[PDB]
């Protein structure tokens, strides 16, 4: 699967809205993800004690995790599929002690898509929704192949 130049443009146009406030988008995304999938919070050794939305919003560690995640994802998206160099260390990091199943990356993808619908509907119409679905699917497909190269089936 590939994305066209037009699909990439839609993806990066809505991503520019995320970049206007990376930390806030990261908090919204992670809080949504952890409420929807408490098992995923267990994969973050330093965050797993957090329970209430106010406590999660107060956590500097959670905020930093959201910035790390979204900054790395933005760099990957701006590679427009030519992301082998970025995905290889990311696969390794996610295949250390806490293996991150592909399904958790899919749940993450659902969370960021929800945040985009909620925050930026004017820049997240039908065509942009389709393109973002495909961009995150491509990321997950290619990560899965890099997992396998390292001996992790995902």
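Residue numbers count along the first chain shown, from 1.
Higher mean CA temperature factor between 106-114 and 87-95: 87-95, per the PDB entry. Between 125-133 and 47-55, the higher mean Cα B-factor belongs to 47-55.
In the PDB entry, residue 20 places in the highest third of its chain by CA B-factor. The PDB entry assigns residue 63 a C-alpha temperature factor belonging to the middle third of its chain's modelled residues. Placement of the Cα temperature factor of residue 32 within the chain: middle third of the modelled residues, per the deposited record.
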